[PDB]
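>>> these are from a larger complex, still in place; more later:
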Amino acid sequence: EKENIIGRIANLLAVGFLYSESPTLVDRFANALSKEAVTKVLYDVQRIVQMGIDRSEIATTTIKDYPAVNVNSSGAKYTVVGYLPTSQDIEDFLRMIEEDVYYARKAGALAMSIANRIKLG
Amino acid sequence: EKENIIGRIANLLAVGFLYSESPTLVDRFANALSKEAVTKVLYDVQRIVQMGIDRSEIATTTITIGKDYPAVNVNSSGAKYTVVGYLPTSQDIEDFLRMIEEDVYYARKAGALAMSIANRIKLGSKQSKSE
């Protein structure tokens, strides 16, 4: 499930990047050397996603039907396939980071791959 | 009885989270390293629940899941949620605070349960809206 947690964190980072049009949080996450830097990005990306939810510019959907997240940014429409992390996924991911900050780099690499594929399409 | 107390505290945290739409109190509870942090969250979540009670947006009910189970209905931002179980008594809060004075681990256990309840309810509510 460690890979499922990392994949859900990567989906959150990709949604935040596509909505904000900024790589800065993904760069900070992939370069993190401490639990402080990782936790700060996990808050800031969720705060960006919260604004998109309140504006109805970020919504959960289905697209067999797969769970997805629709993102509207600057008149562009993006769809990220997968679930967003739960509170338990964030807590278990922070425990994985307290053991090895490598998992932040792995999630950042996956998030950038998701965002790049969607931007290319 | 310790597990029943923890489960009732987890129901209170889940109701407060679903009503406020904020994980901040559950985050504070699950990261607590002192009785001060736990007690502050227990007040703040009950204060949120008190506002929902006064607005009639939080109410106790029974639901058939074929026997009737105690539940709490929560209305937030036009969403309707139902948490199955009882809210803690004053004695449950006091006995839980005594458990925390022995081991702050019980706050992490209650926080993990509360987040599980809230996540399952939010997932089910989003699926019904998509259908």
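Nice, I can see it. Numbering: from 1, shown residues only, chains lettered A, B, ... in the order given.

>>> for residue A:64, helix, strand, or coil?
Applying DSSP: H, G, I helix; E, B strand; the rest coil to residue A:64 yields a three-state assignment of coil.

>>> That one: neighbour count?
Residues near residue A:64, counting by other CB atoms under 10 Å in any protein chain shown, number 3. Placement of C-beta: from N, CA and C, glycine included.

>>> closest point of chain A to chain B, which residue?
Using CB to the nearest CB, the point where chain A gets nearest to chain B is residue A:87, with a distance of 3.7 Å.

>>> got a list of what the closest residue to that residue other than its chain neighbours touches?
Leaving aside its sequence neighbours, residue A:87 sits nearest to residue B:115 (CB to CB, 6 or more residues apart in numbering or on different chains; 3.7 Å). When the contact criterion is CB atoms under 8 Å, 6 or more residues apart in numbering or on different chains, the partners of residue B:115 are A:86, A:87, A:88, A:91, B:14, B:17, B:23, B:26, B:30.

>>> Recalculate using a threshold of 7 Å.
If you count contacts by CB atoms under 7 Å, 6 or more residues apart in numbering or on different chains, residue B:115 has them with A:86, A:87, A:88, B:26.

>>> what ranges do the strands span in chain A?
A:58-62, A:67-73, A:76-81 (DSSP state E).

>>> Okay, angle between the last one and strand A:67-73 too, please.
Angular relation of strand A:76-81 and strand A:67-73 on a 0 to 180 degree scale: 160 degrees, by axes from the mean of the first three to the mean of the last three CA atoms, to 10 degrees.

>>> neighbouring strands for strand A:76-81, and are they parallel or not?
In the sheet containing strand A:76-81, the strands it pairs with under DSSP bridges are strand A:67-73 (antiparallel).

>>> Over to the first one?
Listed by DSSP bridges, the sheet partners of strand A:58-62 and their directions read strand A:67-73 (antiparallel).

>>> Compute the distance from the centre of the strand it pairs with to the centre of its chain.
Between the mean C-alpha location of strand A:67-73 and the chain-wide mean there is a distance of 12 Å, by CA atoms, centre = their mean, to the nearest Å.

>>> again with stretch A:34-54
Mean C-alpha position of stretch A:34-54 versus that of the full chain (CA atoms, centre = their mean) differs by 9 Å.

>>> What of stretch A:81-91?
With CA atoms, centre = their mean as the basis, the mean position of stretch A:81-91 lies at 9 Å from the chain mean.

>>> Next, the distance between the ends of that stretch.
Chord length of stretch A:81-91, first to last residue, is 22 Å (CA to CA, to the nearest Å).

>>> Put this one in as chain C:
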Amino acid sequence: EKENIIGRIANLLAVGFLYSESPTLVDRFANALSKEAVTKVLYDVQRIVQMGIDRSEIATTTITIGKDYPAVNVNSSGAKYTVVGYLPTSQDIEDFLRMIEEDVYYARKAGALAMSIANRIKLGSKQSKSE
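Putting chain C together with the chains above:
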């Protein structure tokens, strides 16, 4: 003895809160950053308790919880509350003010305890009315 003083100050704040139905004095006490704010609340809460004593709505009693414990009965707006413990002495107020002159942290500790006492009593009173 420091914990006993803090506990007796917390009982005074809880009695004043339950009698006045206002959290304002406990909020001021727990947010205090100076001895001035703490001392002002200690006067104002005792002034509220003095009115309840003169009206015979606040009285000391003993309650069996099988030994007798000291308690304070509070009647407010037709609700009856019982706080278990002693009220502070003049020496407890003076020793507590000396503790505050060293570290205002003790006002936050007393405020957190007072709110816990009041919340547990209010929860129990609402549950008995619902039954």
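
>>> again for the contacts of residue B:115, since chain C is there now?
For residue B:115, the residues meeting the contact criterion (CB under 7 Å, 6+ apart) are A:86, A:87, A:88, B:26.

>>> hmm, try it at 8 Å
With CB under 8 Å, 6+ apart as the criterion, the residues that contact residue B:115 are A:86, A:87, A:88, A:91, B:14, B:17, B:23, B:26, B:30.

>>> So which of those residues is the closest to chain C?
residue B:14 (17.6 Å).

>>> Verify the stated contact: the closest one with residue B:120.
No - the pair residue B:14 and residue B:120 does not pass the contact test of CB atoms under 8 Å, sitting 9.4 Å apart.

>>> still on that earlier bit, show me which pair in the contacts of residue B:115 is furthest apart.
With distance counted by CB to CB, no two of the contacts of residue B:115 lie farther apart than A:91 and B:14, which are 15.0 Å apart.

>>> now for chain D:
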Amino acid sequence: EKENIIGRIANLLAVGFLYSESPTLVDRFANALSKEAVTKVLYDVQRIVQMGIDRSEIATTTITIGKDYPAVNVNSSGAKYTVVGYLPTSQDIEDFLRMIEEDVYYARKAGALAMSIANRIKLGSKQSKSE
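Chain D added:
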């Protein structure tokens, strides 16, 4: 010596309050913002104590609490009260007025102590009547 003076002024205020059954002079003393208000209360409370002395309703005594402590017996409305400690001297009043001319805070300190003495004595007297 400043604390001893304040304590003796607090004993005078407590004796005057218990004898008159009126908090008005202690309220005026604790709310004083000028030397005028403090000095007026110091006269008026001593004038009340003087009447109690002339009626033999206020008397100095010793009480064993196993050593003898100085005390003041007060008889009011068929109630008997005992305040432990000395009444202020003329020099204590003069030194206290000099402290007030520097900082009116000392009137609030003496008022808070006086009300604590009176409250503890009134609580004990009501409890013995209930038993």
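
>>> again for the contacts of residue B:115, chain D present now?
Residue B:115 is in contact with A:86, A:87, A:88, A:91, B:14, B:17, B:23, B:26, B:30, counting by CB under 8 Å, 6+ apart.

>>> repeat that with 6 Å
A:87, A:88, B:26 (CB atoms under 6 Å, 6 or more residues apart in numbering or on different chains).

>>> What separation do you get for the second one and chain D?
What that stands for is residue A:88. Taking CB to the nearest CB, to the nearest Å as the measure, residue A:88 and chain D are separated by 52 Å.

>>> for residue A:108, same thing?
Plainly put, residue A:108 is 60 Å away from chain D if you go by CB to the nearest CB.

>>> can you check residue A:77 too?
Distance from residue A:77 to chain D, by CB to the nearest CB: 68 Å.

>>> Over to residue A:114?
66 Å.

>>> go on, residue A:94?
Separation of residue A:94 from chain D (CB to the nearest CB): 50 Å.

>>> got it, and residue A:63?
With CB to the nearest CB as the criterion, residue A:63 and chain D are 71 Å apart.

>>> now swap in residue A:105 and tell me
61 Å.

>>> before we move on, what about residue A:106?
Counting by CB to the nearest CB, the gap between residue A:106 and chain D amounts to 63 Å.

>>> cool, and residue A:92?
As defined by CB to the nearest CB, residue A:92 lies at a distance of 54 Å from chain D.

>>> cool, and residue A:11?
Taken as CB to the nearest CB, the span from residue A:11 to chain D is 62 Å.

>>> now residue A:23
Distance, residue A:23 to chain D, using CB to the nearest CB: 60 Å.

>>> Just read off the phi/psi values of that residue.
Dihedral pair for residue A:23: phi -80, psi -10, per degrees, to the nearest 10.

>>> what does residue A:55 give?
For residue A:55, the backbone dihedrals are phi -80, psi 0 (criterion: degrees, to the nearest 10).

>>> And for residue A:66?
Per degrees, to the nearest 10, the residue geometry at residue A:66, taken as phi and psi, is phi -110, psi 140.

>>> Equivalent analysis for residue A:31, please.
phi -100, psi 0.

>>> same check, this time on the one 3 residues further on
Residue A:34 adopts backbone torsions of phi -140, psi 160, taken as degrees, to the nearest 10.

>>> For it, give its distance to chain D.
Per CB to the nearest CB, residue A:34 is found 49 Å from chain D.

>>> Could you do residue A:84 as well?
57 Å.
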